[PDB]
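Colleague:
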Amino acid sequence: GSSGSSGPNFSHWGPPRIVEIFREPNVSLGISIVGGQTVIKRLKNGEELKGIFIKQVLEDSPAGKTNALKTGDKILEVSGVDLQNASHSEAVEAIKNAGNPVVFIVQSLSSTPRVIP
Numbered sequence: 031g032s033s034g035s036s037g038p039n040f041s042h043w044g045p046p047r048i049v050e051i052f053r054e055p056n057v058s059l060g061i062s063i064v065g066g067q068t069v070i071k072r073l074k075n076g077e078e079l080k081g082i083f084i085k086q087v088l089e090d091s092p093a094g095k096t097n098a099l100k101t102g103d104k105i106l107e108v109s110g111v112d113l114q115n116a117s118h119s120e121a122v123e124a125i126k127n128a129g130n131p132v133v134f135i136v137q138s139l140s141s142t143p144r145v146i147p
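So in this note's numbering, spot 51 of the sequence shown is number 81, and the numbers just go up one at a time.
(1) Could you name each continuous beta strand (DSSP E) segment of 3 residues or more that falls completely within the segment 34-94, going from the start of the chain to the end?
(2) Where does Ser141 land, buried or exposed, given buried means 16+ other C-beta within 10 angstroms?
(3) Do three or more CB pairs link the segment 87-105 to the segment 65-77 at distances below 8 Å?
(4) Could you tell me the boundaries of the alpha helix (DSSP H) in which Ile125 lies?
(5) Here's the rule: buried if 16 or more other CB atoms are within 10 angstroms of the residue's CB, otherwise exposed. What is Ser32?
(6) For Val132 versus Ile105, is the C-beta spacing smaller than 7 Å?
(7) Is the beta carbon of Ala98 less than 7 Å from the beta carbon of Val57?
(8) Using three-state DSSP, classify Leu139 as helix, strand or coil.
(9) Mapping DSSP to helix, strand and coil, what is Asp112?
(10) Would a C-beta distance cut-off of 7 Å place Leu113 and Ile82 closer than the cut-off?
(11) Mind checking who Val133 pairs with in its DSSP beta bridge?
(12) Straight-line CA distance for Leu139 to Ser119?
Take a look at the structure:
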């Protein structure tokens with residue numbers, strides 16, 4: 031264990047996923063994000079996450095149709111912009127200032143998507 035590992039099948043985050051989302055006029059991408067911090071106490075030590083995570087995704091949106099993005103996910107990059115350590119606003123501007131199309135690089139935790147009605 032030259033490095034060590036801690037996590038007996040707990041919140042196992044698989045590999046990243048790239049998805050191209052085309053922004054809409056009247057309506058936005060239809061994606062949201064929670065929290066959003068860029069600076070936190072150093073001494074702090076834990077296993078939690080601070081990165082940007084999908085807050086909520088609409089249905090009548092370009093992101094809700096791709097069925098490749100859902101609330102809870104962890105956005106690591108968008109349109110080729112590192113939003114991991116990016117605050118709530120730092121990430122927002124990225125999605126709004128993402129050179130269309132708007133690519134999304136997140137990682138869906140050990141879970142399963144949903145089917146259409």
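C-beta atoms are modelled at their ideal positions from N, C-alpha and C, and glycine is treated no differently.
Modeller: In terms of the structure at hand:
(1) 47-51, 61-63 and 82-87
(2) Taking the sequence shown and counting its residues from 1, the one referred to as residue 141 is at position 111. Flag for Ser141 reads exposed.
(3) no
(4) As a first step, residue 125 is located in the sequence shown; it is residue number 95 there, counting from the start. Note, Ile125: alpha helix (DSSP H), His118 to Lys126.
(5) Here residue 32 refers to the residue found at position 2 of the sequence shown. The residue in question, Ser32, is exposed, as its Cβ has fewer than 16 Cβ neighbours within 10 Å.
(6) By one-based count along the sequence shown, residue 132 stands at place 102. By one-based count along the sequence shown, residue 105 stands at place 75. Not in contact: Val132 and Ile105 (Cβ atoms no closer than 7 Å).
(7) Along the sequence shown, read from residue 1 onward, the residue named residue 98 stands at position 68. Along the sequence shown, read from residue 1 onward, the residue named residue 57 stands at position 27. Going by C-beta atoms, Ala98 is not nearer than 7 Å to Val57.
(8) To locate residue 139, count along the sequence shown from 1; it is residue 109. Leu139 falls in the strand class under three-state DSSP.
(9) Taking the sequence shown and counting its residues from 1, one reaches residue 112 at position 82. Reduced to three states, the DSSP call for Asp112 is strand.
(10) The count along the sequence shown starts at 1 and reaches residue 113 at position 83. The count along the sequence shown starts at 1 and reaches residue 82 at position 52. Yes, these two residues count as a Cβ contact at 7 Å.
(11) Translated into positions along the sequence shown, residue 133 becomes position 103. Answer by DSSP bridge pairing, in chain order: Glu50.
(12) Residue 139 sits at position 109 when you count from the first residue of the sequence shown. Residue 119 sits at position 89 when you count from the first residue of the sequence shown. Rounded to the nearest angstrom, the two C-alpha atoms are 24 Å apart.
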